[PDB]
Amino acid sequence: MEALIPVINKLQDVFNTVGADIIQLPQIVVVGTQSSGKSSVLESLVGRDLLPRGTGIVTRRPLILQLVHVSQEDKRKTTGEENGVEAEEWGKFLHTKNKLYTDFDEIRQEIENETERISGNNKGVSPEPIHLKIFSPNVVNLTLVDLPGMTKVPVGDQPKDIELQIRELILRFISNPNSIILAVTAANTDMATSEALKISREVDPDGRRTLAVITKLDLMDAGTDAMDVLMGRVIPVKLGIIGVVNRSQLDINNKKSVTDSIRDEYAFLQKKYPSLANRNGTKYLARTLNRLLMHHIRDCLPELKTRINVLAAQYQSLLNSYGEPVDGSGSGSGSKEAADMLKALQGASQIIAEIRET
């Protein structure tokens, strides 16, 4: 049985600049607020810090993070750099094509380099995602669509008008019927007022497409345990409630080893939540997210295939409604879209046809 995650990864790449929304791809979309710790969740899954830091404003455009598992024997000759020590982990950006990044600091820098631009349109937020593959023996096969974080207070309770278009961007992504919403919220807050959960209920009223991740369990007030948060007595969400403890900024600056932060999280869970510890934590989260995505993709695969074909026939017949002038150039901008879309759909069906196992 062919692994389906790599297939959807390639489809994501195929529909990058051309418009992937109408495809309604099966994917996990990460919704979090400011100070929720969703960037840390991603880094917990990667096993490295790689996301741009901080201080402040930052991270406007979506990031499609594609974690690809490799064998520990599968390594890369690094850079040029006058060395040749074989590298165990590397990264690739779709914008830079086949270039290899063996230094995660150059990975973090390229993200900064691909973000924060004006981008030559008049906005503060761009809908165009960054595509980053991470090859590592320390990661599970998993892809996440990281969206720009919201303010932790309602949009009207803060002075920036731009927050609206941030909400629009998130809504645009999570309105995808085949998207799974990963809602990130800190245990440190009134969790039934999370902006992440609230905006998720706007497209998923009952939370049947939503999985809640509870971060910052180590930061709660004296003599609270969110056992209720562990229960999902309180949060109306169906795909699960998973509590984690990521590394703090203190830990990163101190260069806390990830092997040490992992067992520290585990030990914290064992102590504070003994009857629940086995269904919480970073490692657990990585495993159920992997299984969830695999099961979700195979569920959506048959409809995805026909939709690509249905879309193809529509765009082609639409090209015969536009349909001119037969000129080599200056044909149309709308005609150019449909042709570019048809080309991408062609690549999509090709990728899908290249699956075979029963």
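Numbering starts at 1 and follows the sequence shown.
Asker: Going by the B-factors listed in the PDB entry, is the mean over the C-alpha atoms higher for 250-258 or for 138-146?
Answerer: The stretch with the larger average C-alpha B-factor is 250-258.
Asker: Comparing 154-162 with 270-278, which stretch shows the greater average C-alpha B-factor in the deposited entry?
Answerer: Taking the mean C-alpha B-factor of 154-162 and of 270-278, the larger value falls to 270-278.
Asker: Which listed residue, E168, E112, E195, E89, has the largest C-alpha temperature factor in the record?
Answerer: Of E168, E112, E195, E89, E112 has the highest C-alpha B-factor.
Asker: From the list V46, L301, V31, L318, select the residue with the highest C-alpha B factor recorded in the entry.
Answerer: That would be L318, according to the entry.
Asker: Taking the C-alpha B-factors as the PDB entry records them, is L4 in the lowest, middle or highest third of its chain?
Answerer: Bottom third by C-alpha B-factor.
Asker: Going by the CA temperature factor in the PDB record, which third of the chain does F104 belong to: lowest, middle or highest?
Answerer: Tercile = highest for this residue's CA B-factor.
Asker: Comparing against every modelled residue in the chain, figure out the third that the C-alpha B-factor of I181 lands in (lowest, middle or highest).
Answerer: Lowest third.
Asker: Could you tell me which third, lowest, middle or highest, the C-alpha B-factor of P62 occupies within its chain?
Answerer: It belongs to the middle third of the chain when residues are ordered by C-alpha B-factor.
Asker: Among all modelled residues of this chain, ranked by Cα B factor, put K38 in the bottom, middle or top third, i.e. lowest, middle or highest.
Answerer: For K38, whose C-alpha B-factor we compare with every modelled residue in the chain, the answer is the middle third.
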